[PDB]
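Enquirer: Sequence unavailable; structure follows:
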RNA sequence: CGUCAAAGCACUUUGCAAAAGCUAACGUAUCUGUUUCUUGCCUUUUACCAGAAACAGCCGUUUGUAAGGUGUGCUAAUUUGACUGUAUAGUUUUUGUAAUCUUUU
């Protein structure tokens, strides 16, 4: 990251780890390889909330865009 | 070559499915891109240098199956499978040593 890693979230169902920040960046750190796989581009500004839905493979994040 | 069974037949157009099952060229061919890292040449970013790992596209190949098209036959031809497939009256099996009678329990 380039600016304070705000969020984090490990998923239990997949060996992934997530992160967020004041970069607009949302990442998918694969835990088996220990590198990033996916960016989730779309957020207009610094993201704070990072939380992983329990059933459905789905990811929720929110920040100052004033939107989840 | 011979029998039996199945089926139109050869050639072709599309659709739809698949293509490491026990280490192996689906392609004796071979190109671009994204991300993550490492080094080059550099300060405008792009455009690039040349290595890695992870993903992707693209140009092609094979198979099965479905419907079609052309030419030929449906009073035929071709394909496909399957099979415990040969002929011997003269000594080891399919051209007879068989026939017949009687006693014992």
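Expert: Right, received. Where do you want to start? Numbers count the residues shown, from 1 in each chain, chains lettered A, B, ... in the order given.

Enquirer: Next, count neighbours for whichever residue of chain A sits closest to RNA strand B.
Expert: With C-beta to the nearest atom of the strand as the measure, residue A:35 is the residue of chain A nearest to RNA strand B, at 4.1 Å. For every residue, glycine as well, the C-beta is placed using N, CA and C. Counted with other C-beta atoms under 10 Å, residues neighbouring residue A:35 total 9.

Enquirer: My read is that it contacts residue A:17, right?
Expert: No: Residue A:35 is beyond contact range of residue A:17, at 11.1 Å (criterion: C-beta atoms under 8 Å).

Enquirer: any shared contact partners between the two?
Expert: Contact with both residue A:35 and residue A:17 is made by residues residue A:29, according to C-beta atoms under 8 Å, 6 or more residues apart in numbering.

Enquirer: beta partners for the residue of chain A closest to RNA strand B?
Expert: Residue A:35 has these beta-bridge partners by DSSP bridges: residue A:30.

Enquirer: Which positions in chain A make contact with RNA strand B?
Expert: Proximity of chain A to RNA strand B (C-beta under 7 Å from any atom of the strand) is limited to residues A:33, A:35, A:36, A:37, A:39.
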